[PDB]
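Visitor:
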Amino acid sequence: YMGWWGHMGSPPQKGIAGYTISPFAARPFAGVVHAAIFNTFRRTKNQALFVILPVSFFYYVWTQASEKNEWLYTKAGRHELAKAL
Amino acid sequence: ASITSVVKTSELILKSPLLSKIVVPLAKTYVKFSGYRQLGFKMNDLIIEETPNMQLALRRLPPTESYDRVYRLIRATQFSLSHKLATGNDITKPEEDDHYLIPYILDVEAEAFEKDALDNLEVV
Amino acid sequence: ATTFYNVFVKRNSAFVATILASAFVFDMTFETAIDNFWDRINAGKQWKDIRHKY
Amino acid sequence: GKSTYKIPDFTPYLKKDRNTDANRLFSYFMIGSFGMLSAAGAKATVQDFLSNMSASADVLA
Amino acid sequence: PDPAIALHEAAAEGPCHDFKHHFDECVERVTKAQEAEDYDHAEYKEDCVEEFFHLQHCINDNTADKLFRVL
Amino acid sequence: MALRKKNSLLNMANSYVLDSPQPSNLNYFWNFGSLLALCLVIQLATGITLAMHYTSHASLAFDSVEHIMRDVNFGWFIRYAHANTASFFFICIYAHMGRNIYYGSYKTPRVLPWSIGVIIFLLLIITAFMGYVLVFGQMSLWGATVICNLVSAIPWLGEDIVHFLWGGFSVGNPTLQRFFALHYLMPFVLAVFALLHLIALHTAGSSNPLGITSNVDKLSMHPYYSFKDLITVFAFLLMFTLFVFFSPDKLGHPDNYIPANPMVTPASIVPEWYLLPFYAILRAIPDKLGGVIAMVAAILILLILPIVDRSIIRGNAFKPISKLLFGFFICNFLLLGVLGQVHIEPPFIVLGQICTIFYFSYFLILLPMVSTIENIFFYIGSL
Amino acid sequence: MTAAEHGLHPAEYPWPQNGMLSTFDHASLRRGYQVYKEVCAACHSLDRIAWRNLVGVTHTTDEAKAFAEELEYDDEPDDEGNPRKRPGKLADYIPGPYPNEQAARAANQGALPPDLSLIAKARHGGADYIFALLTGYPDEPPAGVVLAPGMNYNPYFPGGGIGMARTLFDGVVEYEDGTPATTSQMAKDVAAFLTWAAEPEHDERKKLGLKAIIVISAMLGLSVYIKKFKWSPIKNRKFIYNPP
Amino acid sequence: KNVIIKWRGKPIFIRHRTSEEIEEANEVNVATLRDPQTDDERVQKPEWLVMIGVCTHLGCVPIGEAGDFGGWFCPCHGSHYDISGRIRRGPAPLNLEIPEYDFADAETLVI
Ligand code: HEC
Ligand code: HEM
Ligand code: HEM
Ligand SMILES: CCCCCCCCCCCCO[C@@H]1O[C@H](CO)[C@@H](O[C@H]2O[C@H](CO)[C@@H](O)[C@H](O)[C@H]2O)[C@H](O)[C@H]1O
Ligand SMILES: CCCCCCCCCCCCO[C@@H]1O[C@H](CO)[C@@H](O[C@H]2O[C@H](CO)[C@@H](O)[C@H](O)[C@H]2O)[C@H](O)[C@H]1O
Ligand code: FES
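Here you go:
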């Protein structure tokens with residue numbers, strides 16, 4: 007499924023012109039400030055829900071479970087603990 | 002899964018009025034949130050191609066379609082490495098998201114599945 | 004500045020020799036500098052600071 | 039979008055002084071600094087690490 | 066004399082007063098309950114450890130930094 | 001023709017580290033491969049060094065580790081480096097497996113590197129378990145006791161097999177000496193399998209975060225990924241430095257600084273943090289043998305991802321629903337980890353079972369369902 | 085578990101050695117050795133510490149040799165193969181108060197006082213636990229706690245009933261540097277000493293960490309410049325497509 | 114009388130229990146026992162209480178004959194075991210473990 011340089015196994019390419027400039031001719035950090043602020047905000051915003059939803063749910067679950075467990079092993083929780091065992 | 006399976010199931014849904022009424026709007030939003038259009042891909046560009054069947058279907062593409070596919074993949078790869086999105090004409094509009102490959106893969110698979118069936122025929 | 008490039012950078016043999024000689028200098032000076040800094044932030048705490056009592 | 043002799047716009051990234059010795063020298067100063075700290079770090083790493091094989095404090099007692 | 070003694074007393078009367086009083090009231094209840102007969106043949110014997118821990122935890126939060134400052 | 005291509009030996013190196021054609025869009029999660037290689041090298045160097053100072057006999061083992069800490073020049077560093085890198089090895093391996101699951105690296109044509117990878121993961125677990133025993137502190141002994149007794153669950157022969165592992169009737173000197181020998185060996189076996197999974201991968205090349213072919217746009221492994229790998233090497237070393245130099249015992253259990261005592265049983269016997277999810281899975285099943293099977297199945301079920309993922313699309317970059325499901329799966333795996341170190345008490349007992357059900361239902365139900373649905377949505381959605 | 089069964093968790097005290105750049109206070113270490121020597125050593129061994137380990141940490145070579153030479157250690161047998169004693173040397177380990185575990189337990193109503201060489205690493209809390217435990221014997225157990233005979237109530241110890249009685253009282257030690265020997269002072273000093281005993285490399289380790297952090301940070305900064313420099317041809321690449 | 118045989122480092126309490134001792138042990142309602150077990154489960158022979166003589170709390174050896182249930186009392190944290198060697202009072206969670214022992218003869222046991 008992959009070849010090697012010269013015969014990589016690409017469908018025939020035609021009609022694309024690629025251009026680039028030397029590493030010595032470019033500013034490596036061109037537009038870094040804009041990217042660091044605006045680009046990162048865009049990328050983070052677009053992914054935020056996929057992180058926040060599961061983290062918040064499982065943190066809530068853990069919080070409820072740890073708080074119940076703590077309460078069951080108090081004096082006040084004696085009866086509820088007796089039933090739970 | 003096979004593309005044949007996906008296409009047949011989708012046709013069952015589009016037939017049923019009730020089902021299409023509830024599925025088609027969902028699928029349109031899904032595709033909007035999927036975000037592949039923001040890298041200038043058409044849906045079909047994303048189908049896994051490292052299978053014998055898909056290699057054969059890609060070899061059957063008309064040269065123009067094939068050349069354009071190569072460009073879209075290269076362009077998307079450049080957006081990906083740059084962490085940029087397509088803008089302007091590079092964004093795939095819904096009308097440009099044509100199923101250019103589905104007919105070819107459906108034909109390749111049709112023959113391969115007929116071959117499997119007929120390899121199991123029993124003279125009655 | 005051309006001169007500096009030509010002497011220390013152009014030949015890789017020269018560049019590697021410059022890097023290693025700089026590493027030698029850095030290593031010796033950094034050691035000394037950190038020693039002094041460490042002694043100032045931990046002043047009166049270290050054995051060297053109380054040793055004189057004994 | 040058609041002529042391939044019309045080089046795309048690279049003005050956002052081109053350095054005006056790109057062919058000067060100053061320009062090259064600076065990038066090699068970064069490469070060289072990195073080589074220098076790698077050399078100093080490797081020397082410290084190797085020296086400290088191999089010293090485990092010299093006589094331990096209980097043996098020297 | 067031990068700096069801790071003074072700091073602990075001050076923190077109990079001041080910022081940890083609620084917990085001090087909880088512990089006190091607990092002690093009163095338990096001692097009174099031990100005074101009553103057929104206490105030894107009871108199922109559940111209440112202690113004051115919980116209240117003690119709440120008080121000590123509080124005192125320690127208000128004292129730790131102060132104590133180490135005067136050593 | 002250039003020597004690096006002409007000479008057979010050089011050409012093998014060249015094919016892996018220099019001319020190797022890589023996708024030009026690998027993101028930083030493709031850097032875990034090299035970090036795992038770095039961990040493996042650090043573990044070999046520090047491990048072989050500790051072996052020069054460690055004594056495997058149970059009468060001397062714990063004391064030899066104290067001798068390393070106290071008397072050997074830089075012994076403290078070599079010991080802490082070895083112990084902490086064992087933790088980082090698992091952080092990187094979970095990251096690497098996470099990358100592989102999210103981006104569909106397990107799909108055809110990469111089932112073979114994935115499957116060999118699952119075995120590497122098992123060897124890493126065995127290696128790290130045995131290494132922990134070698135300290136012969138309280139957690140070393142009691143961890144060995146508890147974990148080796150799980151083999152007693154094997155019907156008919158279980159008891160006999162445990163005595164055979166131990167070389168005796170409890171964990172003791174014979175066990176310690178044999179774990180030393182095997183712990184020394186296992187990293188070399190693990191290095192071999194790591195090399196096999198690479199050779200297997202080299203037929204398809206690396207996947208990439210878009211999940212499309214990269215055959216159209218390749219970049220040499222060097223210099224581009226060489227220099228990009230340095231960034232994460234230095235980031236890794238900074239994290240390594242903060243643990244090894246400034247908080248060397250943050251990831252440890254204090255009880256392992258008490259010499260093993262077969263009479264005194266520690267407060268709570270837990271495995272090292274990186275085994276905790278599997279421990280939680282075991283506790284979830286009440287049956288002893290059931291528990292063991294589930295625990296092994298939790299690892300071996302990874303082998304069926306190639307089958308149960310029915311998507312026509314490789315990886316999750318474009319699949320909002322799969323991304324949500326993946327997020328929940330990963331967080332649940334972390335919850336399992338947490339529940340592995342709580343006491344067997346309400347309400348964590350029931351919660352552990354629910355998380356275990358969620359863990360397996362991802363592979364068996366949700367991923368097959370979700371991947372089938374998204375196939376249909378992509379097709380109908382783009383009509 | 086009940087909080088009692090866990091033990092009260094010790095406060096976080098601001099130790100001199102807390103702090104990425106902070107060593108032990110060696111004056112405190114020396115005072116803490118004197119507390120170990122005059123109070124704890126009656127019951128607790130410090131087997132992993134040799135006299136030489138004190139040198140250039142708490143004591144000069146001469147002071148430490150003096151401490152070693154005051155003791156008798158087992159020599160190699162004489163020429164008739166009879167056992168012999170010799171005076172201690174710097175290479176000798178600080179000797180324990182009891183010949184074996186059985187003798188230790190017999191002297192402590194069955195409890196075995198642990199070796200203290202590693203106790204700062206072997207308990208959650210470290211210095212803070214040792215300080216909290218030594219200073220945390222209340223005058224009276226919380227009402228309703230039933231102590232087993234020969235146990236003492238201490239909330240920091242798991243279960244609450246500890247076989248070690250309170251031992252630090254104002255002026256049990258006379259410090260040689262004129263520091264007032266209050267319960268708190270002695271606990272702080274001995275806790276610092278024991279922390280040093282557990283991790284004697286601590287001071288050197290943190291200094292080498294400082295050097296590492298600095299070099300590794302610089303290399304990380306430079307590696308980012310170099311990556312960006314070498315990658316710029318790929319990031320900056322532009323395409324023109326003319327469909328054929 | 115109660116003997117102490119070391120066996121795999123762990124001490125083994127061997128008590129030659131009297132008739133009335135056996136009776137005393139067979140009384141306690143199993144219900145009220147941290148670790149619920151009857152003497153019958155523990156011994157294979159009522160006249161030979163053989164146990165692993167380490168306290169199940171931390172791991173001192175209980176002083177026999179002492180206690181409050183007159184069996185074994187761990188002096189370390191004050192846990193009381195019975196004439197069955199069952200835990201009755203104190204921090205210890207479990208009853209004193211029983212080794213695998215067999216009566217080869219009626220006058221010799223192997224452990
Ligand atoms: C005369 C007896 C005695 C003296 C004096 C003594 N201890 Fe102890 N210590 C014990 C005994 C016995 C235990 C075990 C208690 C138990 O396990 O119930 C112990 C336990 C400890 C523990 C650990 C408790 C645990 O978590 O297991 C520390 C730490 C400790 N001692 C430190 C000291 C320090 C510091 C001093 C004095 C500066 C000191 N001891 C003085 C008898 C003593
Ligand atoms: C010592 C442990 C390991 C080492 C050193 C290692 C190293 C690597 C390296 C260098 C690569 C290529 C670059 C990269 O993608 O990061 C790679 C790819 C891969 N590894 Fe690992 N690996 C290890 C363990 C594992 C494990 C446990 C798995 C799976 C469970 C695994 C599955 C894979 C797969 C599927 C790929 C191809 C991914 C892709 O590029 O799309 N490896 N590994
Ligand atoms: C994948 C590679 C390895 C892993 C994951 C690994 C893991 C571990 C772990 C977790 C420990 C317990 C450390 C502690 O808490 O002190 C350890 C100890 C040890 N390992 Fe390894 N190890 C590896 C490779 C090696 C190798 C190759 C050797 C060569 C002999 C080795 C020798 C030792 C020795 C001698 C100890 C005991 C001394 C000690 O505890 O520090 N290890 N290892
Ligand atoms: C091909 C490679 C060449 C051979 C490699 C040589 C390996 C061993 C050589 C030196 C090892 C011992 O050499 C010794 O190193 C240690 C640091 O490790 C230095 O020691 C210095 O720093 C350490 C901690 O960093 C302190 O404990 C010490 O008090 C201080 O003097 C000594 O000043 C040096 O004399
Ligand atoms: C990772 C550390 C570096 C050491 C190298 C790893 C050791 C593993 C190497 C032995 C495995 C065989 O490696 C195999 O060899 C040949 C040539 O070398 C490669 O062959 C590839 O490159 C050569 C030229 O570079 C071409 O002739 C060939 O058409 C192409 O497929 C295979 O793609 C690779 O799978
Ligand atoms: S040690 Fe047996 S009572 Fe605590």
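Residue numbers (full-length UniProt numbering), protein chains in the order written: chain A, 7 to 91; chain B, 2 to 125; chain C, 4 to 57; chain D, 39 to 99; chain E, 66 to 136; chain F, 1 to 383; chain G, 85 to 328; chain H, 114 to 224.
Don't be surprised by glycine CBs; every beta carbon is placed ideally from N, CA and C.
#1: If you measure from the beta carbon of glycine 37 of chain A to each beta carbon in chain D, is any gap under 8 Å?
#2: In its own chain, which residues sit with a C-beta less than 7 Å from the C-beta of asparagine 192 of chain G, not counting the 5 before and 5 after it?
#3: Out of B/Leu15, B/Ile14 and B/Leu57, which has the shortest C-alpha to C-alpha gap to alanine 111 of chain B?
#4: Let me know the secondary structure DSSP gives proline 242 of chain G once reduced to three states.
#5: What are the start and end residues of the beta strand (DSSP E) that includes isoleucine 301 of chain F?
#6: What residues in its chain sit with their C-beta under 7 Å from that of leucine 44 of chain F, if we drop five residues either side in the sequence?
#7: Report the partner residues of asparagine 115 of chain H according to the DSSP bridge assignment.
#8: Got a sec: which bits of the segment 194-213 of chain G sit with their beta carbon under 9 Å from any beta carbon on chain C, in order along the chain?
#9: Look up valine 223 of chain H in the DSSP assignment and say whether it is helix, strand or coil.
#10: Using a strict less-than 7 Å threshold between each residue's beta carbon and the heavy atoms of ligand 4, what residues do you get?
#11: Label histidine 40 of chain A either buried or exposed according to how many other C-beta atoms from any shown protein chain fall within 10 Å of its C-beta, with 16 as the threshold for buried.
#12: Can you tell me whether DSSP reads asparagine 236 of chain G as helix, strand or coil?
#13: Taking the straight line between their C-alpha atoms, what separation do you get for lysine 123 of chain H and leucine 324 of chain F?
#14: Which of the three DSSP states is assigned to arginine 201 of chain H in this structure?
#15: For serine 92 of chain D, decide whether its Cβ has a neighbour in chain G, counting only Cβ atoms nearer than 8 Å.
#16: Could you check if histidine 143 of chain G belongs to the surroundings of ligand 1, using beta carbon to heavy atom distance under 7 Å?
#17: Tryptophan 161 of chain H bridges to which residues according to DSSP?
#18: Once DSSP output is grouped into helix, strand and coil, what is the label at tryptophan 120 of chain H?
#19: May I have a chain-ordered list of the alpha helix (DSSP H) segments no shorter than 4 residues that lie completely inside the segment 298-356 of chain F?
#20: Do the segment 197-208 of chain G and the segment 250-257 of chain F make contact, defined as three or more Cβ pairs closer than 8 Å?
#21: Alpha carbon to alpha carbon, how far is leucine 138 of chain G from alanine 148 of chain G? Give it in angstroms, no decimals.
#22: Could you tell me which of A/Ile22, A/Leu59 and A/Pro17 sits nearest to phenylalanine 326 of chain F, measuring between CA atoms?
#23: By the three-class DSSP mapping on this structure, what secondary structure does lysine 81 of chain A have?
#24: Nearest to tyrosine 259 of chain G by CA position, among G/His90, G/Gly180 and G/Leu113, is which residue?
#25: Would a check of beta-carbon distances place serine 307 of chain G closer than 8 Å to chain A?
#26: With respect to the beta strand (DSSP E) encompassing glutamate 156 of chain G, which residues constitute its N-terminal and C-terminal limits?
#27: So, at 6 Å on beta carbons, what are the nonlocal neighbours of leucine 335 of chain F in its own chain, with the 5 sequence-adjacent residues on each side left out?
#28: Where DSSP assigns a beta bridge to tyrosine 177 of chain G, which residues make up the other side?
#29: Is there at least one non-hydrogen atom of ligand 3 closer than 7 Å to the beta-carbon of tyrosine 225 of chain F?
#30: Could you tell me whether any non-hydrogen atom of ligand 3 is closer than 7 Å to the CB of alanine 317 of chain F?
#31: Count the other C-beta atoms from every protein chain shown that fall within 10 angstroms of the C-beta of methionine 12 of chain F, then say buried if there are 16 or more, exposed otherwise.
#32: Quick check: is the beta carbon of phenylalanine 30 of chain A nearer than 8 Å to any beta carbon in chain F?
#33: By the 10 Å Cβ neighbour count, where 16 or more other Cβ atoms means buried, how is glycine 337 of chain F classified, buried or exposed?
#34: Where do the ends of the alpha helix (DSSP H) carrying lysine 22 of chain B lie?
#35: Any chance you could list the alpha helix (DSSP H) runs of at least 4 consecutive residues sitting entirely within the segment 86-110 of chain E, in chain order?
#36: Do you know offhand how far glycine 262 of chain G's Cα is from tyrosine 182 of chain G's?
Guide: With the structure as the only source:
#1: yes
#2: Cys127 and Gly247
#3: B/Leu57
#4: coil
#5: Neither: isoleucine 301 of chain F is in no beta strand (DSSP E) and is coded neither H nor E.
#6: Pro187
#7: H/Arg128
#8: none
#9: strand
#10: D/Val84, D/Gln85, D/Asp86, D/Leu88, D/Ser89, D/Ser92, F/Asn73, F/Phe74, G/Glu288 and G/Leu292
#11: exposed
#12: strand
#13: 54 Å
#14: strand
#15: no
#16: no
#17: H/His129
#18: strand
#19: 305-308 and 320-339
#20: yes
#21: 7 Å
#22: A/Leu59
#23: coil
#24: G/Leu113
#25: no
#26: 156-158
#27: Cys355
#28: G/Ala134
#29: no
#30: no
#31: exposed
#32: no
#33: buried
#34: 18-35
#35: none
#36: 32 Å
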